[PDB]
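[1] Give me a model of this one.
(one chain, ligands or ions: 3)
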Amino acid sequence: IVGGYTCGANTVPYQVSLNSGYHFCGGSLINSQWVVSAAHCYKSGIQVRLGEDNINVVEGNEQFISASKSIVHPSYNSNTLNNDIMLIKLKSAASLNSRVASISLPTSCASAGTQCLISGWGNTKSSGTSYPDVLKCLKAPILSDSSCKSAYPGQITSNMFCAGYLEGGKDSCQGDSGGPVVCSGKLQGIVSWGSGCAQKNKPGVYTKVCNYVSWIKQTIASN
Ligand SMILES: Cc1cc(Br)c([O-])c(-c2cc3cc(C(N)=[NH2+])ccc3[nH]2)c1
Ligand SMILES: [Ca+2]
Ligand SMILES: [Cl-]
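    Numbers count the residues shown, from 1 in each chain. Ligands and ions are numbered 1, 2, ... in the order given. Shown next is the structure:
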């Protein structure tokens, strides 16, 4: 997260860190046994770390659970990142409480101007890599479709939306992928891609979760 602030320990209880010996992507807890992340974060050997704040120190509240299976969307396209969403089933259920909680799926899509909270342990520099130890937060609005398409002509599908600042300075970045974009208490987006991080006129692009709710429900119900 570039231009963001320290969230404060456990203030984002649905945030998870996907770990393979180091933090590589974020994710969101949607129920005690399932996490939603991005398809491009897929790899085998994923350990899901819940209740984290400093990812390099065990401070208490952490629950480390291995992924039992990861389900990448069948129509995921790695070249366009269209359908960039993945579900991870946990080997055992997590204990939910005030420090570890799930986030609700949306019932409707959000409109441009909606202010959302994006969080993650991704890079904090737009020119260089500085990865943080604690969770960072950024409040960002969803942009209109014309501004998004004018910024990325021909690369935005109906399963994506842009959120951020065209002046540059505040944005999500590598390491934040797979993480949550929460608006009015509902998970509306998944950090997916962008051109560089926090560059002017190049906002972040997110997977539009309202388009996958029946897919998530049907897939969870059959697995
Ligand atoms: C080299 C590399 C590898 C992975 Br995996 C990423 O997710 C990314 C990445 C860049 C990137 C940029 C943004 C943004 N909002 N500007 C968001 C997610 C991103 N993810 C980059
Ligand atoms: Ca920790
Ligand atoms: Cl276009």
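[2] Residue 82: what's it in contact with?
    Counting by Cβ atoms under 8 Å, 6 or more residues apart in numbering, residue 82 touches 75-76, 157, 159-160. The way it works is simple: take the backbone N, C-alpha and C, and place the C-beta from them, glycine included.
[3] First-to-last residue distance for stretch 139-157?
    Its first and final residues considered, stretch 139-157 spans 24 Å by Cα to Cα, to the nearest Å.
[4] Which positions in this structure make contact with ligand 3?
    149, 154 (Cβ under 5 Å from the ion).
[5] what comes up buried for the top helix by length along the chain?
    Secondary structure of the chain per DSSP state H: the longest helix is helix 213-222. If you call a residue buried by 16 or more other Cβ atoms under 10 Å, then helix 213-222 has these buried ones: 215-216, 219-220.
[6] List of residues touching that helix?
    So helix 213-222 is contacted by 30-31, 34, 36, 71, 73, 85, 87, 105-107 (Cβ under 8 Å, 6+ apart).
[7] rewinding a little: out of the contacts of residue 82, who's nearest residue 20?
    Of all these, residue 20 sits closest to residue 76, with 19.5 Å by Cβ to Cβ.
[8] Give me the distance between the closest one and ligand 2.
    Here residue 76 is placed at a distance of 30 Å from ligand 2 (Cβ to the ion, to the nearest Å).
[9] who's in contact with residue 171?
    1-3, 126, 138, 140, 164-165, 194, 197-199, 203-204.
[10] If we use 7 Å, what do you get?
    For residue 171, the contact set (Cβ atoms under 7 Å, 6 or more residues apart in numbering) comprises 2-3, 164, 194, 197-198, 204.
[11] What strand or helix carries the residue nearest to it when sequence neighbours are not counted?
    Leaving aside its sequence neighbours, residue 171 sits nearest to residue 198 (Cβ to Cβ, 6 or more residues apart in numbering; 4.0 Å). In this assignment (DSSP states H and E), residue 198 forms part of neither any helix nor any strand.
[12] Strands along the chain, start to end?
    Using DSSP state E, the strands of the chain run over 5-6, 15-19, 23-31, 34-37, 47-50, 63-72, 86-90, 115-120, 136-141, 160-163, 180-183, 186-193, 204-208.
[13] Pipe those strands into JSON lines and attach mean neighbour count and distance to residue 98 per row.
    Below are the strands of the chain laid out as JSON lines (neighbours: other Cβ atoms under 10 Å; distance: least, Cβ to Cβ, whole Å):
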{"stretch": "strand 5-6", "mean neighbour count": "12", "distance to residue 98": "19"}
{"stretch": "strand 15-19", "mean neighbour count": "25", "distance to residue 98": "14"}
{"stretch": "strand 23-31", "mean neighbour count": "24", "distance to residue 98": "13"}
{"stretch": "strand 34-37", "mean neighbour count": "26", "distance to residue 98": "19"}
{"stretch": "strand 47-50", "mean neighbour count": "20", "distance to residue 98": "13"}
{"stretch": "strand 63-72", "mean neighbour count": "16", "distance to residue 98": "14"}
{"stretch": "strand 86-90", "mean neighbour count": "22", "distance to residue 98": "19"}
{"stretch": "strand 115-120", "mean neighbour count": "22", "distance to residue 98": "17"}
{"stretch": "strand 136-141", "mean neighbour count": "20", "distance to residue 98": "18"}
{"stretch": "strand 160-163", "mean neighbour count": "26", "distance to residue 98": "27"}
{"stretch": "strand 180-183", "mean neighbour count": "25", "distance to residue 98": "16"}
{"stretch": "strand 186-193", "mean neighbour count": "25", "distance to residue 98": "18"}
{"stretch": "strand 204-208", "mean neighbour count": "27", "distance to residue 98": "27"}
